[PDB]
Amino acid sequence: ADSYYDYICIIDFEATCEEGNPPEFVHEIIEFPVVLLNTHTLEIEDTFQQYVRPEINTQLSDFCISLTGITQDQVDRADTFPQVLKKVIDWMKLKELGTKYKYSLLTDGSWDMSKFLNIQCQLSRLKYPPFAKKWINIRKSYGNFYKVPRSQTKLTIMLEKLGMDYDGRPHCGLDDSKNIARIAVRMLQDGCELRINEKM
């Protein structure tokens, strides 16, 4: 398996939303998961998961709660986005990412990590983190490696094509991140050289 990176960090956010995806509703991140994939052992070595308390639209819609399974009380008890991002940065530093170990972020598309983070950093008046400015977009990697159209790189289809079931609850951010990590593991086992393929 490709050992170009020592670790791959999979991040797939959940955000506030309304039914019908209205463009005037401003998204806030409500779940910040990180799955740490060891490229040498091909094991998920560790995970990070925190909910995040939205401030612009504090009350989750019924649609959002139904979609993600995240409840109002779970976000009520959560820390602010700046506090959660601080914890993520600490955790990554603890894992020695970017110092002892070479690493990349891996995502399920541009929206699913970068655009939500971009919106949220605007809202929180934070710099968009340089470490998140490039990533492996696994839909692009999968499409190019298995030679399938974009229509066939939906998360459930990627799993099904490879003889895998979805493990856990779809639209739980940590569970989606884990399933994306499972696909990445199989791609590495299959001989794919996963590489950064998208920049902001």
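Throughout, we count residues from 1 along the sequence that is shown.
Exercise. With respect to the recorded C-alpha B factors, which stretch has the higher mean value, 163 to 171 or 30 to 38?
Worked result: The deposited B-factors put 163 to 171 ahead on the C-alpha mean.
Exercise. Do the C-alpha atoms of 126 to 134 or of 99 to 107 have the higher average B factor in the entry?
Worked result: Per the PDB entry, the higher value belongs to 99 to 107.
For this session: By the entry's C-alpha temperature factors, tell me which of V52, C64, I56, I44 sits highest.
Result: Comparing C-alpha B-factors across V52, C64, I56, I44, the maximum falls on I44.
For this session: Divide the modelled residues of the chain into thirds by Cα B-factor and specify which third, lowest, middle or highest, holds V148.
Result: Highest third - that is where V148 ends up once the chain's C-alpha B-factors are sorted.
For this session: Could you look up the Cα B-factor of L94 in the entry and say which third of the chain it sits in: lowest, middle or highest?
Result: Top third by C-alpha B-factor.
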